[PDB]
Every structure is written in structure tokens, then in C-alpha cells.
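Presented below is the structure to which this report refers.
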There are 2 protein chains.
Amino acid sequence: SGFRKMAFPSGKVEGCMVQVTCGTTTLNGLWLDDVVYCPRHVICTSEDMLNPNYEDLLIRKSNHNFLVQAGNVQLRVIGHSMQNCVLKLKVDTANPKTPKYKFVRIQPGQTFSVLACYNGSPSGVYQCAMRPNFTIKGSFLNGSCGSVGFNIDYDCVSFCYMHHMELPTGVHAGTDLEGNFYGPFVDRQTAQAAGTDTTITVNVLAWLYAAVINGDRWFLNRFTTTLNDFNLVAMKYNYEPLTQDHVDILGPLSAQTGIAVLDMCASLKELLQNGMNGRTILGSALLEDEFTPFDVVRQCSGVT
Amino acid sequence: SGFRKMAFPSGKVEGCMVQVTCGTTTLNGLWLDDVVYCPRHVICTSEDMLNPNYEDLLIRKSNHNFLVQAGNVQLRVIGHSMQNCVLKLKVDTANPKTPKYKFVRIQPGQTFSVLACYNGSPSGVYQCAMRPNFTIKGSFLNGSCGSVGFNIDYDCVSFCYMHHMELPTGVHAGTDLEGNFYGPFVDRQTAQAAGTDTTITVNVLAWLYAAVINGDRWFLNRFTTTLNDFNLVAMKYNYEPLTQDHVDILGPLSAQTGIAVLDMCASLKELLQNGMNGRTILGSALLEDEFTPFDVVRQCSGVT
Ligand SMILES: O=C(Nc1ccccc1)Nc1cccnc1
Ligand SMILES: O=C(Nc1ccccc1)Nc1cccnc1
């Protein structure tokens with residue numbers, strides 16, 4: 001019993017973190033096989049960051065200008081290329097701790113673990129979601145760039161995020177491991193505003209299921225609704241529209257609890273309209289939206 | 001910027017988790033040097049758990065009755081002893097991944113990371129606090145016993161908790177690594193009720209400091225207070241008394257922000273009396289008390 005915001009165990013990713021230095025900029029790299037992946041802004045002077053021409057900045061850089069340190073041992077860089085907004089540094093040594101891995105591009109509402117690193121050294125692990133506006137609300141200081149987001153499927157690490165940017169509003173932006181930004185963001189020190197940070201409705205519903213499974217049941221009501229009726233109320237409260245695809249994904253939690261998805265929708269509708277009235281659900285005074293249906297099943301079932 | 005409930009990177013502890021089986025009970029063990037530590041209730045049939053005599057149950061057990069598996073390799077048990085509520089199984093192989101480590105007994109209000117394990121396999125990592133009633137609010141299913149709580153100081157793992165028990169209220173109880181329960185709990189399937197789960201005031205104040213450092217400032221008010229005045233209001237709201245020792249510990253956050261500890265107390269006093277009025281602080285609608293002053297400094301400064 002009990003329900004926690006839970007990260008994946010980080011060891012497999014800890015074994016991949018290195019330090020990358022270009023001139024006076026130090027940040028983190030991910031060492032998989034004989035490639036080190038890092039943000040291309042490692043080549044920029046904070047002056048460069050105002051209007052960087054990365055192709056032109058890169059002409060001035062050689063393999064020996066990229067200093068890669070794994071623990072307190074230097075890796076030899078034998079090649080470098082830019083792919084979108086990441087650099088790939090080819091090194092002469094395959095990472096001996098390379099786990100089975102994939103690069104995946106996640107969808108908004110998907111959750112992942114972040115291993116926050118400084119100077120190639122892990123500081124902490126926390127759980128994030130890709131927001132509907134393609135930001136994440138992370139915890140990142142200067143030096144944390146190149147920190148990665150990941151999911152684990154038994155022994156396969158799916159890498160989904162590399163940290164690049166803090167927006168003036170202190171929310172976060174980054175890329176997949178092919179160097180493509182999530183959302184409309186660019187690696188330039190310019191005014192970039194996030195769109196509406198809507199609530200991930202399907203995740204709230206999953207977490208209300210988690211709450212019922214763990215004995216927090218006070219919010220269960222006598223009503224049902226329809227997707228169309230729910231969605232009118234959702235839109236008014238800056239919740240993402242619920243689709244039949246989301247209803248299908250909640251089926252296993254519906255089954256386990258015997259609460260129809262549309263009944264839980266009608267419970268959520270009353271919580272939006274009525275508020276919490278100073279009550280809590282799973283120790284929260286707001287509706288949590290950074291657990292996916294898969295996360296709830298995993299944690300409620302004890303997958304390793 | 002940003003402030004997250006952050007666990008320590010778990011790799012060093014992942015390398016210590018094993019499976020312990022006694023008859024038909026499987027749970028987790030911690031393998032440090034040539035000793036495997038696990039809950040002594042591994043020897044109980046769920047029937048035994050109603051009124052176990054552990055000394056008498058142990059007479060019936062030999063070294064070869066304790067099956068220890070590290071990955072999919074069996075460890076040879078060459079000795080076993082009971083220390084308080086843990087078993088120490090001596091194995092013929094020192095754990096090659098043993099990190100530098102200490103056993104520490106923490107105080108209520110201290111935070112730690114939990115690596116939730118099943119069958120000796122890590123499932124997730126989350127951050128906990130020792131509650132003032134000596135429970136923790138974890139996420140533990142059957143099979144999670146022997147999962148451990150820890151802090152890391154650079155490369156030294158301080159082990160502070162081993163999971164033993166879920167109370168009928170679905171809160172959690174366990175021991176330090178010398179097998180001594182936190183609080184008045186016993187490893188017996190009997191009615192055990194927790195005391196008042198009071199709020200860890202010094203941790204709330206630390207987190208209000210984190211909030212100011214990260215730009216959440218709306219709750220800062222025009223008032224100050226005294227420890228005695230604050231404490232009258234604290235007691236009324238089931239907050240722990242604040243001591244001059246807590247004020248001293250908050251000094252570095254006072255200094256960084258230039259907000260006197262007693263001014264932040266007076267802000268906290270108005271939040272207790274007035275509520276949040278539907279506002280949030282660092283994405284929370286309630287006052288978070290599972291960050292220590294040390295945690296706030298670590299995360300706000302980027303310690304690895
Ligand atoms: O954003 C950063 N550098 C940068 C990137 C692109 C444009 C301009 C600047 N660093 C940073 C600091 C704190 C948290 N996360 C990231
Ligand atoms: O408490 C458990 N066994 C036990 C221990 C002492 C007395 C009676 C029973 N298992 C458990 C289950 C779920 C979460 N945490 C622990």
C-alpha cells in the first residue's frame with residue numbers, strides 16, 4: 001500500500017554519464033557504445049548563446065577541443081558530428097557499462113525519470129512528465145545540461161530527453177536523443193514563451209484509480225458522465241480532452257477497481273467544480289497528473 | 001531553477017540488493033561485504049506472524065535453509081545470527097560492488113531515499129521522511145520487505161532504514177540496519193496504531209526558502225513573530241515545535257535569501273491561519289515537509 005512519485009532505479013544511466021568540456025563550458029554527456037551525446041551549445045560562449053550559428057561555431061572546433069572525462073579518466077575523441085541540436089562525439093572506447101538501450105521520442109503526458117548531473121556526476125533522480133506545452137518542470141542548475149530523461153523496460157533503457165534550456169519562466173526545454181527539441185523551442189538565449197500548461201486528464205484519472213486501490217475513496221460520487229459532457233468541463237478547467245484511446249488505456253484500472261472510466265470522469269468533474277474542500281488524495285491537495293496509467297499499474301503491481 | 005522531490009542516485013544500492021528465501025517466504029536482502037541483512041520475519045509463515053517467537057522459530061533453521069540469490073547466482077550461506085529484528089547471513093563471497101557505507105539511526109524529520117525492491121530486483125526509487133510518529137509513508141507491496149532507505153555523502157552510502165511492516169492504516173514501519181525498529185513497532189501481525197503524524201516545521205520552513213529561491217514569493221508577508229508565539233500556533237495546527245536548533249540549521253537559507261528565520265515563521269503562521277486560498281507553492285497546494293534544510297541547500301547548490 002501507499003503511492004509515491006517513483007523514479008526508475010538510476011544505476012544503468014549513472015554508468016553512462018560523462019563530463020564534456022569545450023573551452024570554458026562544462027556540461028554532461030551520455031556515453032553509449034563509442035559515442036558521447038551532449039547539447040551542441042557546449043561550443044557556445046554565453047555571448048554566442050544570444051544568436052549562435054552552430055555550423056559556423058563548429059568549424060572552429062576539432063576533436064581535441066572536446067574534453068570527455070568518465071570518472072577521472074579522459075576519453076580520446078576520434079570524431080564529432082552535429083545531429084540537430086546534439087553533438088555526437090566518437091570516442092576510441094565503447095562504454096563498458098552500456099546498457100541495452102533505445103532512443104524514443106515521447107508524447108506529451110508521458111512520464112520519465114531524470115538523472116540530474118553536474119560535471120558528469122549524478123546529483124539526484126526525480127520523475128517528470130512531458131507537459132502538453134512540450135516543457136518539463138525539472139530541477140536543473142547551470143552545469144545540468146546533458147542530464148537525460150529515461151524509462152526502463154526490465155533491462156532496456158529508453159532515452160527520451162536530454163536537458164538543454166531553462167526558459168525565462170524557469171520551466172525546462174530539451175531534445176530527444178536525435179537532437180530534436182520537444183515543442184517549438186530553440187537553443188538560443190532569446191524570449192521563448194511556453195503555451196498553456198494544461199492538466200494531463202488521463203494521468204489524473206490513473207492517479208484517482210491509484211487512490212481508490214490505496215483506500216482513498218472519499219471523492220467517489222454517485223454520478224457518471226459522457227466523454228462529450230466531461231470534455232466541456234475539462235476545456236473550462238484547462239484539462240486536456242479525453243479520447244476513447246485514453247478510456248481504452250484506463251481499461252485495466254477500471255477492471256481492477258470495478259469503477260467504469262466514465263464514472264471516475266464524473267468524480268473528477270465534481271472535484272473540478274467543487275474543489276477538494278481542504279481534503280487530500282494520496283497526500284495531495286491538488287490533482288496529480290504526472291502518473292501515466294502504465295505507471296499506476298507498474299507501481300500497484302510491483303514490476304521490476 | 002525548479003525544485004523537485006529528488007532521490008539519491010540508486011546505483012550504489014542497486015549493487016547491494018539480493019533475494020532471500022526461507023521456505024515459501026521471499027523478500028529482499030542487503031549484501032554488504034560478506035553479510036546479507038534481511039528482516040527476521042523471512043522465517044515466519046503468515047500464521048507465525050500472529051505471535052512469532054523468533055528465537056524458537058530460528059532453532060528450526062540452518063544456514064542451508066536461507067536461499068540467497070544475487071542476480072541469478074546463488075550465494076553460499078556459512079553463518080546466520082539474529083540482531084534485534086534483522087538476520088545477518090554470513091556468505092562466502094564479499095559483495096564486489098560493496099560501496100563505502102555506514103549504518104546510521106536517523107531522527108524524526110530526516111529524509112532518505114528508498115529503493116523499492118521485489119525478489120532482490122529494484123522497481124523504483126522515491127524520497128521519504130521519518131515521520132514524527134516514527135512511521136514512513138512509503139510505497140511497498142508484499143515482497144518489498146528488506147528494501148532499504150539511505151542517504152549518500154559523495155561516495156559513502158549511509159543506510160538508515162530497512163522495510164519490515166505495513167500497519168493496518170497502510171503506513172510503514174521498519175528498522176535501522178542494527179535491526180532496531182523506529183518507534184514502538186514490533187514485527188508481529190497485531191493491532192499497532194501510529195501516533196499523531198505532525199508536520200515537520202523546520203522542513204516546511206526549508207521548503208518555503210526553496211520557494212523564494214525559485215521565484216515563488218507570493219506568501220512572503222509584512223510580519224515577524226517569536227519562537228514562543230509561532231509555537232502556540234504550530235501546536236494548534238499539529239506542527240512540531242520549532243527550537244533554536246532548527247533556527248540555527250536554517251541560518252544558511254536565511255543568509256542566501258536575506259529573510260530572517262522568524263520572518264519566514266510569521267509567513268508560515270499566516271499560511272496556516274489563512275490557507276493557500278487556492279494558490280500553490282512550488283506546484284503544491286499543501287506545505288511540503290519532506291525536504292530538510294540540508295536537502296534544500298544540496299538541490300539549490302547542485303551537490304554530486
Ligand atoms: O539554459 C541554459 N543555457 C542556455 C541554453 C540555451 C539558451 C540560453 C542558455 N542553462 C540552464 C541553466 C539552468 C537550468 N537549466 C539550464
Ligand atoms: O507487513 C508485511 N508483513 C508483516 C510484517 C509484520 C507483521 C505482519 C506482516 N508485508 C508488507 C506488505 C505490504 C507492504 N509492506 C509490507
Side-chain angles (χ1 to χ4, degrees), chain A residues 1-4 25-28 38-52 54 85 114 116-118 135-147 161-175 181 185-192 214 299-300 302, chain B residues 1-4 25-28 38-52 54 85 114 116-118 135-147 161-175 181 185-192 214 299-300 302:
Chain A
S1 215
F3 202 75
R4 274 284 181 176
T25 301
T26 296
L27 46 57
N28 307 284
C38 75
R40 69 172 175 172
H41 79 235
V42 69
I43 72 177
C44 297
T45 73
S46 66
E47 312 80 88
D48 286 335
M49 282 315 276
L50 302 173
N51 192 25
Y54 282 102
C85 299
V114 170
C117 294
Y118 299 93
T135 68
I136 76 171
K137 300 164 161 143
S139 186
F140 293 119
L141 302 172
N142 281 279
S144 67
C145 297
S147 299
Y161 180 85
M162 179 170 267
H163 186 50
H164 289 242
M165 272 224 300
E166 192 164 69
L167 297 190
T169 51
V171 304
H172 300 116
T175 67
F181 266 90
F185 303 116
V186 294
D187 44 0
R188 183 185 166 204
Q189 194 178 326
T190 184
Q192 302 179 69
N214 291 280
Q299 189 180 153
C300 289
Chain B
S1 215
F3 202 75
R4 274 284 181 176
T25 301
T26 296
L27 46 57
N28 307 284
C38 75
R40 69 172 175 172
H41 79 235
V42 69
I43 72 177
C44 297
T45 73
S46 66
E47 312 80 88
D48 286 335
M49 282 315 276
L50 302 173
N51 192 25
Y54 282 102
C85 299
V114 170
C117 294
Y118 299 93
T135 68
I136 76 171
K137 300 164 161 143
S139 186
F140 293 119
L141 302 172
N142 281 279
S144 67
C145 297
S147 299
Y161 180 85
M162 179 170 267
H163 186 50
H164 289 242
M165 272 224 300
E166 192 164 69
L167 297 190
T169 51
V171 304
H172 300 116
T175 67
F181 266 90
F185 303 116
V186 294
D187 44 0
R188 183 185 166 204
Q189 194 178 326
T190 184
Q192 302 179 69
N214 291 280
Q299 189 180 153
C300 289

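No hydrogens, no waters, no symmetry mates; every other heavy atom, side chains included, goes into these values. Below, chains carry the letters A, B, ... as their sequence lines are ordered, and counting in each starts from 1. Atoms within a ligand are numbered from 1 in the order they appear, just like the ligands themselves.
A donor-acceptor pair shorter than 3.5 Å can be found between the side chains of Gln299(A) and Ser139(B).
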Contact table, ligand 1 N/O with protein N/O, distance under 3.5 Å:
residue	atom	partner	partner atom	Å
ligand 1	1 (O)	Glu166(A)	N	3.0
ligand 1	15 (N)	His163(A)	NE2	3.0

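Not one N or O on the side chain of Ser144(B) forms a donor-acceptor pair closer than 3.5 Å with the backbone of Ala116(B). A side-chain donor-acceptor contact under 3.5 Å links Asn214(B) to the backbone of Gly2(B).
Qualifying ring pair (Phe, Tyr, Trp, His ring centres under 6.0 Å) partners for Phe181(A), counting only residues two or more places apart in sequence or in other chains: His164(A). The ring pair (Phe, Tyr, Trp, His ring centres under 6.0 Å) search around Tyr118(A) returns none, not counting sequence neighbours.
Sorted by first and then second residue, the pairs that involve residues 135-145 of chain A and meet salt bridge (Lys or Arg N to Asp or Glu O under 4.0 Å), not counting sequence neighbours, are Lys137(A)-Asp197(A).
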